[PDB]
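Below sits a lone chain in structure tokens, taken as the form solved without this ligand.
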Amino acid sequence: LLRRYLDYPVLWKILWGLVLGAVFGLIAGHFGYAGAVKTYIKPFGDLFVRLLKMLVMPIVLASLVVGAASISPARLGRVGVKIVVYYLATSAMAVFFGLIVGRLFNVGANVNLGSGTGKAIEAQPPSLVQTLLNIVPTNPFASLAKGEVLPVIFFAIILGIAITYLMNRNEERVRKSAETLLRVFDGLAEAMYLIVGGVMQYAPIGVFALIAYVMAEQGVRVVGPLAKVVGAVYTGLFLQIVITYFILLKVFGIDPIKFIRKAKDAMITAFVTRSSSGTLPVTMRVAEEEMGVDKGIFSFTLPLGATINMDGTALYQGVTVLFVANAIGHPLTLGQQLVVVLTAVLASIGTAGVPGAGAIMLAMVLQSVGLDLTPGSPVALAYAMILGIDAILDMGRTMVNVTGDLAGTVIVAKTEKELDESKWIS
């Protein structure tokens, strides 16, 4: 900080930091400085990551309560059902694309990791209703503490609807009590947006450090087959975007190219900060002035959608579990490869919108299939290299998430005729 580093445009600041970090991690990691980068530089990246998780539970709780207390329950249902159907459709298309692009590259094929047989040949306990019940928290404070985003989303929506029923009562004591509770939650959401805007000023250092460490450690693993997995995530991702989202927007009447030229802001600010609920201010300030959606829509769909958006995750798992499988030499068929729907579309509904969520979810899916031994087996290294390239995969698995969020908000807006057509004329 010298009073000028806080005035350079935030987005250009982040991209400048990211490119400088990539160059530093390349030239250093090649000159044998992995230890120095890990020791002096990586802690800044870890501090940035930790900051990007401090402000996810409060922002989710407060912003959902406000976004539900602003909308009347009728429009709230008419919007939420649409946004959930949209996430389901686009996430199913995402899983399909994962199963396709994890094969079209034959990912992790000639990584002969000294193992012919394994334990992932078959495993499918996809307990669906057991997840549809886990949405309901047994103790909402205990679900705040344990960092579960979906039960807190449920409780927040319920509390918001209760408040909007209260502020229509007649006992003027109750009206005031409800207004005061709503103002508490509104103040908390706004303070969290300030905190996020503040963290995105340090982000040009955190991104620099993170990508520097990543490009210093894994700067040589992008030569082997582990490059045909970053290729298989990014090709699958570009396909996700340019097929799913543009097909949808053309179907509903939104011109896709203009949609991209207008989403560029949030697309880029989420491609680098790798967090959906840390770029939530940016995507809201995009849906407000650059897309034209009404506030009573994106005040709820965007914070709800920043969590439950399993396109990047499912596209990330549907191509990374295939890599782990082909790495340990034990194959698996398409139908049996639906360990993604086991976790990504069911277990990983909430944990989508924190950095490195894909890696921890892959750790969650590789342990449920039976592959548990962490220190020695090929399951160790096959997942360790993924954890190493987790940042390069995570920079995109959330750009797609925020693009899908904006596309779903635009869709729910356009169907409800709450989308300002004065912005979409160019």
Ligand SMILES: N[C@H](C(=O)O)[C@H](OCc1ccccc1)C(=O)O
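When you see a residue number, it is the position in the sequence shown, counting from 1.
Keep in mind that the form deposited with this ligand bound is missing from the display, and what follows is about it.
In summary, the binding site of this form is blocked: after superposition of the surrounding C-alphas, this ligand from its pose in the entry with it bound has 3 or more atoms within 2.4 Å of backbone or C-beta atoms.
Each of 351, 361 and 401 is positioned with at least one heavy atom within 4.5 Å of this ligand in the entry with it bound. Comment: 305-313 is the region of 180-188, 305-313, 329-337, 95-103 lying near this ligand in the entry with it bound, near meaning a non-hydrogen atom within 4.5 Å. The single contact residue among 65, 357, 371, 382, judged by any heavy atom lying within 4.5 Å of this ligand in the entry with it bound, is 357.
Looking at residue 320, you'd find every heavy atom of it more than 4.5 angstroms from this ligand in the entry with it bound.
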